[PDB]
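Take a look at this single chain in structure tokens; it is the form solved without its partner chain.
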């Protein structure tokens, strides 16, 4: 009958999901094995992440804006222990996805791309993909004017040593040669000057600027992507409930 979850967590669950004594909402929430605790809109963490979202909304993604409706702290049991805390270049990075995938993601954590690949391969191999531009990830939410509420995931990502690459390459994991991740280089990115620290992870705050990068061969990426090939380089921390405002 009556739910034991904060109302904000209730509405989150209604969104990504769907007589016991347990409310069916509380059932779904319990079966995620994932803490989701709402944060106060005046707290520092809300302010910083709110800024992260807005300042790293890409200039060439002007076909919409985003509003932060609700902010959540994510704590997946076991992830802190498994995490590669040893590695340097630990960044708080964006991950966007279809609505149908959030139960899976909150239930098992982020997985590397499925082993039965498409026949071309993945753009940068079988890993877990992140962005430092909020709107680059949000375009992976496949939101619409009707379905204009989506989620963005913020995660601590142990990048360690990056293998920097100018173009797409399915064999990227192989090209690592001992380094701990791939970084696909974009024409534009946040620069270290405006960077900030939140609980031991660098947060690459905007604005983005030209990186002077050009691919001498073909097409060069608009914005960076970061790829790690072991889930223990990932630790979920925040879940943003975000509103997409499409123009005209």
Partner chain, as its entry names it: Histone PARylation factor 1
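Numbering follows the first chain given and starts at 1. In this text, the rigid core denotes the largest set of C-alpha atoms whose superposition between the two forms falls within 1.5 Å. Only residues modelled in both forms are compared.
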Unresolved deposited positions lying between residue 18 and residue 19 come to 10 or more
Taking the deposited Cα B-factors and averaging over 24 to 32 and over 56 to 64, the higher mean is found in 24 to 32
When mean C-alpha B-factors in the record are compared for 6 to 14 and 230 to 238, the larger belongs to 6 to 14
When the entry's CA B-factors for 164, 75, 173, 132 are compared, the highest one belongs to 75
Among the modelled residues of its chain, the C-alpha B-factor of residue 223 falls in the third labelled lowest
Chain thirds by Cα B factor, record data; residue 214 belongs to the highest
By the entry's values, the third containing the CA B factor of residue 108 is the highest
Of the three thirds of Cα B-factor ranks in this chain, residue 96 occupies the lowest
Quick tally, chain-level thirds of C-alpha B-factors: residue 41 sits in the highest
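The same protein also has a form deposited with its partner chain bound, omitted here; what follows describes it.
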Proximity of residue 45 to its partner chain in the deposited bound form, heavy atoms at 4.5 Å: no
- Query: Counting only non-hydrogen atoms and a 4.5 angstroms cut-off, does residue 52 reach its partner chain in the deposited bound form?
  - Reply: no
request  = Indicate whether residue 164 is a 4.5 Å heavy atom neighbour of its partner chain in the deposited bound form.
outcome  = no
Open item on the list: Please determine whether residue 223 contacts its partner chain in the deposited bound form, using a 4.5 Å cut-off between heavy atoms.
Closed with: yes
Note: its partner chain not shown here; in the deposited bound form, the stretch from 155 to 163, 173 to 181, 78 to 86, 139 to 147 having heavy atoms within 4.5 Å of it is 139 to 147
As a check of understanding, the residue in 60, 27, 211, 65 with any heavy atom within 4.5 Å of its partner chain in the deposited bound form should be identified as 60
Every residue of 123, 218 and 246 near its partner chain in the deposited bound form, heavy atom within 4.5 Å: yes
Within 72 to 101, the residues having any heavy atom within 4.5 Å of its partner chain in the deposited bound form are 98
Across 191, 65, 220, 50, the single C-alpha shifting 2 angstroms or more between the shown form and the other one with the core held fixed is at 220
Flagged movers between the shown form and the other one, rigid core as reference, every CA at 2 Å or more, runs of three or more, listed in order as 117 to 119, 214 to 220
